[PDB]
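Participant: Same order as they appear, the protein sequences are chains A and B. Just so we're aligned: the first sequence equals residues 165 to 485, 492 to 694, 706 to 864 in PDB author numbering. Just so we're aligned: the second sequence equals residues 53 to 292, 300 to 379, 385 to 585, 596 to 749 in PDB author numbering. One structure, pasted below without further comment.
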Amino acid sequence: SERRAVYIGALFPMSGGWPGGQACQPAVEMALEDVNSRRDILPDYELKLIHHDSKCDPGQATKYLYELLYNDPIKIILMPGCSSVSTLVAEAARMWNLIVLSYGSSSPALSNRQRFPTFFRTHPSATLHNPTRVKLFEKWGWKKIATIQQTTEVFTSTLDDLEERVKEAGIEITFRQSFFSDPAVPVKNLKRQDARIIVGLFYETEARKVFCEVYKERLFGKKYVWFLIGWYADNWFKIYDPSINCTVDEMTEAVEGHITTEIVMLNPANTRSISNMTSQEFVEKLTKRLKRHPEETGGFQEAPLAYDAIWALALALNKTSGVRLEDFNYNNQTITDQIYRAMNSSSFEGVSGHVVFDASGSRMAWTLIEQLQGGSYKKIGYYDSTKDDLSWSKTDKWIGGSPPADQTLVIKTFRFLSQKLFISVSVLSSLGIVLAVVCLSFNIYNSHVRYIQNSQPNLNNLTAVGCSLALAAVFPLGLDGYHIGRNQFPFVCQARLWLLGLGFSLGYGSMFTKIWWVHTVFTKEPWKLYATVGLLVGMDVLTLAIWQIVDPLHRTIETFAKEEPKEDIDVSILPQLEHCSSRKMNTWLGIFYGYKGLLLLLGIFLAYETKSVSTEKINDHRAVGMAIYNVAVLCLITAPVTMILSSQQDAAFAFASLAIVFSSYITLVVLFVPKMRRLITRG
Amino acid sequence: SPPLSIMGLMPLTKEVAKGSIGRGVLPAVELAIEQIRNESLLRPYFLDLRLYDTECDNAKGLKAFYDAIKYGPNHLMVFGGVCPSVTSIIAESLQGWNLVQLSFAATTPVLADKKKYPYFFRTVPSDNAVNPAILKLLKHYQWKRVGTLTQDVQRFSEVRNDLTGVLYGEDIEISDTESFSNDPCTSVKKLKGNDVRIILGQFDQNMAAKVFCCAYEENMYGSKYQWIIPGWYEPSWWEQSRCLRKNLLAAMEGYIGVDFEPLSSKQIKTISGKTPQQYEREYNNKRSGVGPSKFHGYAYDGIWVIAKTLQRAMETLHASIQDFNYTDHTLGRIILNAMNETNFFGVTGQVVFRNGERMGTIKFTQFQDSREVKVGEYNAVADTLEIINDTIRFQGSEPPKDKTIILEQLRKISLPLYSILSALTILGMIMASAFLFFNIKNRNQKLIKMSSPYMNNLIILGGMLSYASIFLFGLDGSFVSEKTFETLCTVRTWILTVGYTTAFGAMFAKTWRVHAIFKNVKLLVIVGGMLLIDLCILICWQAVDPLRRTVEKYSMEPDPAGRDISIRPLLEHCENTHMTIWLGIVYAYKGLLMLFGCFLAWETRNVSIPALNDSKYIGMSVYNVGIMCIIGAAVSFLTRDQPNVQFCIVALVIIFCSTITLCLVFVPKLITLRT
Ligand SMILES: CC(C)CCC[C@@H](C)[C@H]1CC[C@H]2[C@@H]3CC=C4C[C@@H](O)CC[C@]4(C)[C@H]3CC[C@]12C
Ligand SMILES: CC(C)CCC[C@@H](C)[C@H]1CC[C@H]2[C@@H]3CC=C4C[C@@H](O)CC[C@]4(C)[C@H]3CC[C@]12C
Ligand SMILES: CC(C)CCC[C@@H](C)[C@H]1CC[C@H]2[C@@H]3CC=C4C[C@@H](O)CC[C@]4(C)[C@H]3CC[C@]12C
Ligand SMILES: CC(C)CCC[C@@H](C)[C@H]1CC[C@H]2[C@@H]3CC=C4C[C@@H](O)CC[C@]4(C)[C@H]3CC[C@]12C
Ligand SMILES: CC(C)CCC[C@@H](C)[C@H]1CC[C@H]2[C@@H]3CC=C4C[C@@H](O)CC[C@]4(C)[C@H]3CC[C@]12C
Ligand SMILES: CC(C)CCC[C@@H](C)[C@H]1CC[C@H]2[C@@H]3CC=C4C[C@@H](O)CC[C@]4(C)[C@H]3CC[C@]12C
Ligand SMILES: CC(C)CCC[C@@H](C)[C@H]1CC[C@H]2[C@@H]3CC=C4C[C@@H](O)CC[C@]4(C)[C@H]3CC[C@]12C
Ligand SMILES: CC(C)CCC[C@@H](C)[C@H]1CC[C@H]2[C@@H]3CC=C4C[C@@H](O)CC[C@]4(C)[C@H]3CC[C@]12C
Ligand SMILES: CC(C)CCC[C@@H](C)[C@H]1CC[C@H]2[C@@H]3CC=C4C[C@@H](O)CC[C@]4(C)[C@H]3CC[C@]12C
Ligand SMILES: CC(C)CCC[C@@H](C)[C@H]1CC[C@H]2[C@@H]3CC=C4C[C@@H](O)CC[C@]4(C)[C@H]3CC[C@]12C
Ligand SMILES: CC(C)CCC[C@@H](C)[C@H]1CC[C@H]2[C@@H]3CC=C4C[C@@H](O)CC[C@]4(C)[C@H]3CC[C@]12C
Ligand SMILES: CC(C)CCC[C@@H](C)[C@H]1CC[C@H]2[C@@H]3CC=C4C[C@@H](O)CC[C@]4(C)[C@H]3CC[C@]12C
Ligand SMILES: CC(C)CCC[C@@H](C)[C@H]1CC[C@H]2[C@@H]3CC=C4C[C@@H](O)CC[C@]4(C)[C@H]3CC[C@]12C
Ligand SMILES: CC(C)CCC[C@@H](C)[C@H]1CC[C@H]2[C@@H]3CC=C4C[C@@H](O)CC[C@]4(C)[C@H]3CC[C@]12C
Ligand SMILES: CC(C)CCC[C@@H](C)[C@H]1CC[C@H]2[C@@H]3CC=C4C[C@@H](O)CC[C@]4(C)[C@H]3CC[C@]12C
Ligand SMILES: CC(C)CCC[C@@H](C)[C@H]1CC[C@H]2[C@@H]3CC=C4C[C@@H](O)CC[C@]4(C)[C@H]3CC[C@]12C
Ligand SMILES: C[C@H](NC[C@H](O)CP(=O)(O)CC1CCCCC1)c1ccc(Cl)c(Cl)c1
């Protein structure tokens, strides 16, 4: 047995920020025996290890890298520890043509093939949580995300990859923050911004501050859901910390039901790897070589990965032996290219599962998704990302059975008048129209007898046919949504605008000229009467035509403030009221209302003047004055009230149509019943 | 003669950019060592510098540093290092070999920390050394409001984060904070929204042209604004695009560039025995092959610091060097304390270290129309600023203040116009008193007895009270006080409606009795009831919601003076509670009474001979008094903002309305009673 040596240089962190080498150092050495005993692969070479402590500090890793690179046994690969040491070693190893194979460096900045040309690692990067988060966002339909963040650079690059990953899946970030040591003002801005999907990214000693500050500002609850990182200790809120005025029994309600995601190192199944070994017996064999307990030593969870790292190198030296390796110097670029092409395509089954690298040097692996459920975590799913396989396990216990949504939804309800107060007033209007047509036919039937032929024919008939249309103009005053739809609101609107104006103008013009002419003949001929009536009606349809030309009417929605349903617990409901309007609706009927009020107040004074000093026995009226009295006292009291109470739902329609049915009943009762009480009752 | 080896790391190739630095100081260091061998500074030994090329790259620099440790002789301290990353990599790791480093071009602030890099010293001031300079500029000009505009690179974010911590504890606020990456001028539009005129820019050479052309499109220059930017740009950097050159030269005038000073000016003998001017002429005669670089005096002082430190360490050691391996560390502590105790005078000023930083000098320069020129200096040792008087200028006359000054400038009315209208209404008052005297002199007469002269006394008293109101109208602003104004307007609306009501009630009662006598085919209670109604509405006005003073303000629009302050024109009004209730009711009641009286006067249109001789011109006067009162109230609603005008037109309307109706009643009296 010749058994020549091939050397491997390594830096194991024994202390510092991440003391992994307390457990990764035996797990490599044990693994080395499993390559030096099995005679199938590397049949003549023997791998030996030269290691140094590095303390996760580049100020000593530089000296130890000098000691590795400038001594007698020529190394063939380098194996650094923490992220910073691996950054220095991987950027420095280009000038010596060395492969760098890390086992614990999780920065996203080490996936830059331009800077680091010969890098490989088996610990996956921290941009492996982001496809898991994107899959957990598409599954529950969320579409708005707030991200709080401690401003260390690894979290900055994690979120700057999360944005680029999430903008191609139709989701958009709405809110970003940052802090250094005091998280008070970003959770204040999160409270006042009112976002409900939070992706927190910070270490443990900041999490214990920010979560009881969340409890103090009451940001948790039924409608909130967080997202954290998973490699915290499993009782990270139940420990004592004097740096907060928060209680241990408190904040356990505040971290309630938050999803965490983490990388899974150890294989959850119980199959056989390429070393003919399972997970539980690997842990059992490793626990012998440690001088302490697994809960107290550092870097116990990462200890499988280093194992597979060694095995990966062994396979990369079996697919090339066929240039020998006892001649590798630091200047020839060839053998490193052979090893690089051999390790670019690697796919096998180790203790951590299926090991296969990416095109940027990282390692693609599974992800575990768990949730807090009453003080302790519970595994609620697994996710593979290289072929998109989710595995759910039906344990996501929410509060209301369903996961909450991101923002509250608006409901644009409508508000319609109750149909009973529409239908009663419409049937009173039909009784009015049949009374009007029967009185018109009665007055037109006796067109020869010299009791109404001599007094005033062709004028009370015109009053009655005006009041006919004025009574018929209350059907299109109550058709908004319950009985009509849309896209014919101009038809109903122009109908109600022409009909009511034409009816009122015609009727009051006739009853006004019947007082005006007896006043102007008492104080010292039907063509002038018809001229006055046609002139008033023509001026009124002229100004209605000017309304038709300049600013036509259309539908317009106004809205009130939002309310609460109190059958659900979170819906926002806003009411909508639509009506006919224009751009200048207050003035363009204000002119008409003022003009008609002036005409009405002119008429009532002459009706009082020619009361009983008529002595004009060719007209025989005596009660048209009362017919102007009641219309003048009834229209002037409901003309400003139905423009004041336009915000009310149905009182405007009630007052308007009530005024219209009273002012058209009484002007036909008091005008026509003495015309029949003296003729076909005194017959 | 045993040598003393010093490792030197500098970019010495032509293929990199910053290598133009590395050749440019190579004469000056060559100028220094020849002096130290001439005087025999290191009598026991002699100095020897060994150069190495790092090529401004992490891998190449680390390989060259490793090769210099392996193959070269026993070095004692490291000198040089230019690029920031390579100096970071080496300076973190010196402590393992017990070497002390001295730089001359590492200007990054990251090396200020003494937990990471404890064996590091540099002689160039850092990039934070401009931050206690700009502060001591502001206290020289008493500016206190500033607004920062930062680029989003680490190299400038460190400077801004230090400026925030150094402005604390002083009377200077940071009213606005900005940032930009590629889009400069939406940020400067947001800065214009807060209207700040002192900007502390921090950005590289590319974005400066974009910021200044986007300021030219925003017109952020002149004698209002001030720019304070870094000054390590290339000379004539504006020449290299889309923007117009002369517009840029007119927008870029008057900024202040802050930098570190290349060479001192206080012409004293230095420790070598020369002047700064003699050294400058010597190095200029030496540098004949290549262009200059602004770091050479710092290299000269670095070599002298190294020599004095080795001398002090040798004198300390001989009271207990050629045997120095890197395994020793007591010699490292000795050399560290010897370099910590450095205090002397060199060609860049008083060379002295505080916590590992050079306490050096800062130079302010200002841009004048073709070039930048030195306009001051700031010695940071004694903490004093020296401004050369006759070089710094601005566009205007004063140093421009931060925020403009607001001024009230109430809108008053013209004393000639007010005096003219008071003269017109006082002659109208004389005319009304003359008519009352005539009608009270000619009382017993068979034309006056049949014309109801007591109603004419009422209409003269109404015209008198209507005339008297214009004096109380418009005593506004700069005329009386701030307490009479809450009573003057309520006594004015007390008197004016009574003066209207008496006269119009007299005319309306005359026309009403004409109509009542005509229809059938004593007085003085009508005006009594109308006065009762209006006194009731006036005491209901006064008792519940009285009129008080209320000011309206505009939006500080014009600048007409030229003294560069803003004025905020403001008006006074007597209106406080609802003003669409207790004016609409009064106006509607008066309008309805007017229109009823006008229609009653038209209904007769002069058919009555016997009882009242003048019903014709009385109805003519009603007609009169209606329409012009309507147009007066309408024009008062129209121009409710401008002052000289609406007062003048209300005064003209009221003097016409009160002088025509006093003519039409009493002018036939004179013609018939003189004839
Ligand atoms: C017989 C006719 C002439 C009488 C008409 C009365 C008119 C002049 C009244 C009735 C409604 C009033 C309008 C009510 C609302 C507004 C909106 C306001 O922003 C400007 C004034 C304006 C536009 C008013 C002007 C005067 C007005 C149009
Ligand atoms: C604001 C209100 C009071 C103003 C109303 C204006 C009134 C008075 C105007 C407008 C139209 C006018 C009428 C036009 C036509 C005629 C017919 C003629 O054979 C008798 C006069 C008579 C009847 C006019 C009387 C005055 C009249 C009615
Ligand atoms: C704002 C409104 C009320 C003001 C309206 C002014 C009215 C009242 C004026 C304007 C035109 C006037 C009319 C002019 C012409 C005539 C014809 C004459 O044979 C009878 C009087 C009569 C009919 C006048 C009555 C009053 C009159 C109608
Ligand atoms: C717009 C204007 C024209 C409408 C005015 C309405 C007028 C005509 C009403 C309102 C009050 C009424 C008066 C009420 C009291 C009296 C006293 C009585 O002994 C004679 C009638 C007389 C004088 C009435 C005549 C008509 C009258 C004056
Ligand atoms: C808004 C309010 C003030 C307007 C009210 C209009 C009033 C004044 C009108 C409407 C009906 C009119 C009445 C109609 C009938 C009569 C009966 C008669 O034998 C005496 C006059 C008298 C009593 C009238 C007086 C004035 C009157 C009461
Ligand atoms: C003879 C008299 C009674 C007729 C008077 C006509 C009155 C009722 C008319 C003319 C102008 C109209 C006003 C025009 C403008 C507005 C402002 C609006 O925000 C509320 C309605 C309101 C206040 C209207 C109410 C009715 C109104 C006051
Ligand atoms: C304040 C001032 C303007 C008011 C002056 C009132 C003037 C216009 C009045 C007062 C006396 C009046 C004069 C009385 C006597 C006569 C003589 C007669 O043969 C012609 C008219 C004439 C000349 C009158 C014209 C108008 C008159 C001059
Ligand atoms: C003799 C009677 C008719 C005189 C009554 C005077 C009335 C009209 C006065 C006295 C108090 C006044 C009210 C004072 C306070 C308010 C509350 C404000 O938000 C709306 C206006 C309103 C409601 C005023 C309207 C006019 C008002 C009600
Ligand atoms: C003889 C009697 C009947 C006449 C009374 C005139 C009444 C109707 C007048 C005088 C003061 C007016 C009020 C003035 C102020 C307001 C406050 C406003 O927010 C709603 C309208 C309201 C409430 C008005 C309604 C009509 C009103 C009450
Ligand atoms: C002869 C008399 C009775 C006629 C009086 C006409 C009255 C009723 C008219 C003229 C001015 C009108 C007011 C105009 C302005 C406003 C202010 C608004 O916020 C409420 C309605 C209110 C208060 C109107 C109510 C009706 C009103 C008071
Ligand atoms: C006989 C006629 C002249 C009397 C008319 C009364 C008029 C002047 C009254 C009745 C309603 C009143 C209006 C009520 C509402 C508004 C809207 C407000 O934003 C501006 C004032 C304005 C526009 C008022 C001005 C005066 C007004 C138009
Ligand atoms: C807003 C309200 C207060 C305004 C009301 C205007 C009132 C005061 C006006 C309108 C009609 C006027 C009346 C017209 C007719 C007569 C009949 C006469 O023989 C006595 C005076 C008397 C009774 C008048 C008194 C004043 C009067 C009632
Ligand atoms: C500032 C200006 C516009 C105000 C002018 C007021 C005008 C409109 C007043 C003053 C004198 C008035 C005139 C007095 C006399 C007559 C003669 C009569 O047979 C027809 C009306 C007529 C012609 C009046 C019309 C209106 C009139 C001309
Ligand atoms: C404020 C303004 C609108 C009010 C104007 C009042 C007007 C309408 C009054 C004042 C004088 C009146 C005129 C008096 C004389 C005549 C001559 C007669 O043969 C026809 C009617 C006519 C032409 C009258 C019509 C109405 C009239 C013009
Ligand atoms: C027959 C038609 C043309 C007569 C209409 C009379 C109009 C011109 C009168 C009635 C009410 C008046 C308005 C009353 C209130 C205001 C609000 C004020 O801030 C500006 C002027 C303004 C807007 C007035 C302008 C003139 C006005 C609109
Ligand atoms: C300062 C100036 C404008 C004031 C002038 C006052 C004028 C308007 C007064 C003074 C004398 C008056 C005139 C007196 C006599 C007559 C003759 C009569 O058959 C028609 C009216 C007429 C013609 C009067 C009209 C008004 C009159 C001309
Ligand atoms: C899950 C994670 N794995 C290794 C980590 O990604 C290595 P890293 O990315 O280089 C960060 C270290 C360095 C400083 C001190 C601890 C953290 C981790 C994080 C924190 C701790 Cl304390 C451990 Cl033991 C492991």
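Even for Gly, the Cβ is constructed at its ideal location relative to N, Cα and C.
At 8 Å on the CB atoms, spell out the chain B contacts of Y230 (chain A), in chain order.
Facilitator: The count along the first sequence starts at 1 and reaches residue 230 (chain A) at position 66. By Cβ distance, chain B contributes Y118, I121.
Participant: So who's on the other strand from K299 (chain A), going by DSSP bridges?
Facilitator: The sequence position of residue 299 (chain A) within the first sequence is 135, counting from 1. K299 (chain A) pairs with nothing; no bridge assigned.
Participant: Let me know if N698 (chain B) comes out buried or exposed under the rule of 16 or more other beta-carbons within 10 Å of its beta-carbon.
Facilitator: One-based indexing of the second sequence puts residue 698 (chain B) at position 624. Per the 10 Å Cβ criterion, buried.
Participant: Compute the Euclidean distance between the alpha carbons of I403 (chain A) and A371 (chain A), then round it to the nearest angstrom.
Facilitator: Taking the first residue of the first sequence as position 1, residue 403 (chain A) is located at position 239. Taking the first residue of the first sequence as position 1, residue 371 (chain A) is located at position 207. Each residue's Cα considered, the two are about 12 Å apart.
Participant: Going along chain A in order, which residues have a C-beta closer than 8 Å to the C-beta of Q147 (chain B)?
Facilitator: Counted from its first residue, the second sequence places residue 147 (chain B) at position 95. Neighbours of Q147 (chain B) on chain A, chain order: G223.
Participant: Between which two residues does the alpha helix (DSSP H) containing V688 (chain A) stretch?
Facilitator: On the first sequence, residue 688 (chain A) is found 518 positions in, with the first residue counted as 1. Counting along the chain, the alpha helix (DSSP H) containing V688 (chain A) begins and ends at 659-692.
Participant: Near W400 (chain A), what residues of its chain come up, given a Cβ to Cβ distance below 6 Å and the 5 sequence neighbours on each side ignored?
Facilitator: What you label residue 400 (chain A) is simply residue 236 of the first sequence in a count that begins at 1. Only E368 meet the Cβ criterion.
Participant: Based on the DSSP secondary-structure assignment, which residues constitute the bridge partners of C648 (chain B)?
Facilitator: The sequence position of residue 648 (chain B) within the second sequence is 574, counting from 1. Answer is B:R623, bridged to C648 (chain B).
Participant: Taking only beta-carbon atoms, is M194 (chain A) less than 8 Å away from chain B?
Facilitator: For the purposes of this step, residue 194 (chain A) is taken as residue 30 along the first sequence, with counting starting at 1. So, not an interface residue.
Participant: Would you say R277 (chain A) lies against chain B (beta-carbon separation less than 8 Å)?
Facilitator: Reading the first sequence from its first residue, position 113 is the one you call residue 277 (chain A). Not one chain B Cβ lies under 8 Å of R277 (chain A).
Participant: Of the residues that make up the stretch 233-257 of chain A, which ones have a beta carbon closer than 9 Å to any beta carbon in chain B?
Facilitator: Flagged, chain order: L233, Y234, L252, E255, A256, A257.
Participant: Going by the DSSP bridge assignment, what does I728 (chain B) pair with across the sheet?
Facilitator: If you number the second sequence from 1, residue 728 (chain B) lands on position 654. Per DSSP, none; premise fails for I728 (chain B).
Participant: Over the uninterrupted beta strand (DSSP E) stretch that includes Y553 (chain A), give me the two end residues.
Facilitator: As a first step, residue 553 (chain A) must be located in the first sequence, where it is residue number 383. Per DSSP, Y553 (chain A) belongs to the beta strand (DSSP E) from 547-554.
Participant: Quick check: does the Cβ of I818 (chain A) come within less than 7 Å of any heavy atom belonging to ligand 8?
Facilitator: As a working note, residue 818 (chain A) is residue 637 in the first sequence. Checking every heavy atom of ligand 8 against the Cβ of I818 (chain A), none is found closer than 7 Å.
Participant: Name the two residues that bound the continuous beta strand (DSSP E) containing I427 (chain A).
Facilitator: Position 263 of the first sequence, counting from 1, holds the residue named residue 427 (chain A). Looking at the DSSP string, the run of the beta strand (DSSP E) that includes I427 (chain A) is 423-427.
Participant: Which parts of the stretch 294-348 of chain A are runs of the beta strand (DSSP E), unbroken and 3 residues or longer, counting only runs that do not cross its ends?
Facilitator: Whole beta strand (DSSP E) segments, 3+ residues: 308-311, 336-340.
Participant: Which residue comes first and which comes last in the alpha helix (DSSP H) that contains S486 (chain B)?
Facilitator: As a working note, residue 486 (chain B) is residue 422 in the second sequence. First-last of the alpha helix (DSSP H) with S486 (chain B): 479-505.
Participant: Since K476 (chain B) and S542 (chain B) should fall inside the 8 Å C-beta cutoff, what is the C-beta to C-beta distance between them, to a whole number of angstroms?
Facilitator: Locating residue 476 (chain B) in the second sequence gives position 412, where the first residue counts as 1. Locating residue 542 (chain B) in the second sequence gives position 478, where the first residue counts as 1. Contact flag correct, Cβ pair sits at about 5 Å.
Participant: Could you tell me the alpha carbon to alpha carbon distance between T251 (chain A) and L232 (chain A), rounded to whole angstroms?
Facilitator: Within the first sequence, residue 251 (chain A) is the residue found at index 87, counting from 1. Within the first sequence, residue 232 (chain A) is the residue found at index 68, counting from 1. Spanning the two alpha carbons is a distance of roughly 17 Å.
Participant: Output needed for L621 (chain B): all residues of its chain with C-beta closer than 6 Å, excluding positions within five of it in sequence on either side, in chain order.
Facilitator: For this step, residue 621 (chain B) is matched to residue 547 along the second sequence. Only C553, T554, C648 meet the Cβ criterion.
Participant: Which word fits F502 (chain B), buried or exposed, when buried means at least 16 other C-beta atoms lie within 10 angstroms of its C-beta?
Facilitator: Mapped onto the second sequence, residue 502 (chain B) falls at position 438. So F502 (chain B) counts as exposed.
Participant: Please give me, in chain order, every unbroken run of the alpha helix (DSSP H) with length at least 4 that falls completely inside the stretch 615-648 of chain A.
Facilitator: 630-642, all fully within the stretch 615-648 of chain A.
Participant: Would you mind sorting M720 (chain A) into buried or exposed? The rule is 16 or more other CB atoms within 10 Å of its CB.
Facilitator: For the purposes of this step, residue 720 (chain A) is taken as residue 539 along the first sequence, with counting starting at 1. When all chains shown are included, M720 (chain A) counts as exposed.
Participant: Please state whether the Cβ-Cβ distance between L175 (chain A) and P244 (chain A) is less than 8 Å.
Facilitator: Here residue 175 (chain A) is taken as the residue at index 11 of the first sequence, counted from 1. Here residue 244 (chain A) is taken as the residue at index 80 of the first sequence, counted from 1. Result yes, Cβ atoms of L175 (chain A) and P244 (chain A) sit closer than 8 Å.
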